[PDB]
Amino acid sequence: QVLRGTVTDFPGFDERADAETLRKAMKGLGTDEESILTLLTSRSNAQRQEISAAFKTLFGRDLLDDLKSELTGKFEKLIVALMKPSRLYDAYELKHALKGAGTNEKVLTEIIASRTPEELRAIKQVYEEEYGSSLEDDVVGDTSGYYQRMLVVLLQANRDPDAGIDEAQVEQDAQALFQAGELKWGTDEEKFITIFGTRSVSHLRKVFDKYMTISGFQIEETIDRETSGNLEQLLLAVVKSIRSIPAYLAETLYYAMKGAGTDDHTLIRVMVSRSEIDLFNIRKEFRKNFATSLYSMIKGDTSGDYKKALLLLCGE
């Protein structure tokens, strides 16, 4: 399918002109957040990096340090995130879910399950450069059990490529998965980890069909998203990503705003990271699955300059 983002290079871009607009906006008493916000959400990530350089050439000041001393709250978290160069974002997000006591298993599952092999290679590469330690050793050092192993398997970015679809292997995997599901994924974990983690995307889709034409239940129906289980949360995220990455991220966003509070960190992470990849496709899945639009949900769930920036990122 064709992936379309909501943010694209801004025509007639001038990094010096933009460097100055931002300077006048930060300069002196009071800040013009309305100006920063509108400027930053209509320039691609590559352009924001160019604005930063020109800002440094013209004033000898660091644009980001400035935005941080001037901005505050979720609006700042959102601006700081947009500034992060595209290639460094998932790696940064991953270093901070692992870093320190505990682990944000949520981010680890979300990024590793929804990212393609090419994306994971580049992430593994950029991560070691930036942080010195390899992603795989930090994951292995923070996670455990079959959760760790499944994450490590996916981290190898070695899913079979899509080619000849043997129906003998398909039915064999469907049966296996069926029986592992009936056992609530608590037995023979080794066998299913290999199927979910190394089988080609087109293969696993036939497996998901067959599996249901064996049980009458979609494979996800054998797992409760709401409840615990790191390994199950991962199996759920993988299944959904194998079906549709936008749909999976379309839902991750939904559950970020659905409830008593708002998971602004997820809301910010998915909005920013996918803005130039498939945020558009994500918007289309959100509407068709949740009967409402992302725009309209973000508008009612967030407030202020923060809300305005998300809405401009969202687009229509």
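For the two forms, the rigid core is made up of the largest set of C-alpha atoms that agree within 1.5 Å on superposition. Don't overthink the numbering: it's just position in the shown sequence, from 1.
Stretch comparison, 109 to 117 versus 228 to 236: after rigid core superposition, larger RMS CA deviation in 5 other deposited structures of this protein is found for 228 to 236. Comparing 95 to 103 with 172 to 180 by root mean square Cα distance to the shown form in 5 other deposited structures of this protein, with the rigid core used for the fit, gives 95 to 103 as the more displaced stretch. The stretch 67 to 75 shows the higher mean C-alpha B-factor when 67 to 75 is compared against 238 to 246 in the entry. 207 to 215 and 147 to 155 differ in mean CA B-factor, and the higher of the two is recorded for 207 to 215. Note on the listed residues 136, 171, 90, 119: the highest Cα temperature factor in the record is that of 171. Highest CA B-factor among 232, 142, 128, 110, as stated in the entry: 142. Looking at the C-alpha B-factors along this chain, the one for residue 276 belongs to the lowest third. Annotation for residue 104: C-alpha temperature factor in the highest third relative to the rest of the modelled chain, per the entry.
In the PDB entry, a CA B factor belonging to the lowest third of its chain's modelled residues is recorded for residue 48. Among all modelled residues in this chain, the alpha-carbon of residue 283 has a temperature factor (C-alpha) in the middle third. For residue 39, the recorded CA B-factor ranks within the lowest third of the chain. Only modelled residues enter the ranking.
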